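Chains as they are written, first to last, in the UniProt record's numbering: chain A, 1219 to 1252; chain B, 272 to 406. A short write-up of the structure that comes next.
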Amino acid sequence: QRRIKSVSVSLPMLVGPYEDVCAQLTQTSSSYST
Amino acid sequence: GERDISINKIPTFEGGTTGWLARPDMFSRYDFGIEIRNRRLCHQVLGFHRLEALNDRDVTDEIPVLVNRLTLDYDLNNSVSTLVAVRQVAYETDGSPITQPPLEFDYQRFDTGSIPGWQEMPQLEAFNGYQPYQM
């Protein structure tokens, strides 16, 4: 069996010194009825 | 640099009271775990033939004549020095120098006057300042 414990993300990018990139992620649905 | 570096005089065989000169740019080396200190540069080199010995005509006061004087002529700076020029010289019986046309040098060299204004670096323009640089 497998269940998700946690997640994180990483972006190969360049960013301005004090640029706060703004984006968001969301889950639509998941298998196994969690 | 001991004898009078002027050309309008035959050098003396002896040096005179100058001694060898100083320099603006003395270096030192430690390539052996011990000092070397390097204070001197040439200015002239002189060729002498013991004339009355060679003639075998006299034995008292064998002053060789100067056949010719090499001139070794330098550019100077507080960190480096190098030849500007060299000449063959020899001396007439009236004591006039006679000289060959020199051989002359120049070297690409450091400067503080000409420096360019600064330029942007698009290629890298943000990718430094703590983590974003690695090289």
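For every residue, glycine included, the Cβ atom is placed at its ideal position computed from N, Cα and C.
Can you round the beta-carbon distance between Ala-361 of chain B and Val-338 of chain B to whole angstroms, since I take them to be within the 8 Å contact cut?
7 Å
Please tell me whether, using a cut-off of 6 Å, the distance from the CB of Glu-273 of chain B to the nearest non-hydrogen atom of the ligand ZN is below it.
The ligand ZN is not part of this structure, which contains no ligands at all.
Tell me, which residues are paired with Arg-358 of chain B by DSSP?
B:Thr-342
Is there a Cβ from chain B that is less than 7 Å from the Cβ of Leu-1229 of chain A?
no
Below 8 Å, how does it come out for the segment 1223 to 1237 of chain A and the segment 287 to 300 of chain B: are there three or more Cβ pairs, yes or no?
no
Could you tell me how far apart the beta carbons of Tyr-345 of chain B and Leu-322 of chain B are, in whole angstroms, since I believe they sit closer than 8 Å?
32 Å between Cβ atoms; not a contact.
By Cβ distance, which residues of its chain are closer than 6 Å to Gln-371 of chain B, with the 5 residues on each side in sequence left out?
Correct list, in chain order: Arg-358 and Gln-359.
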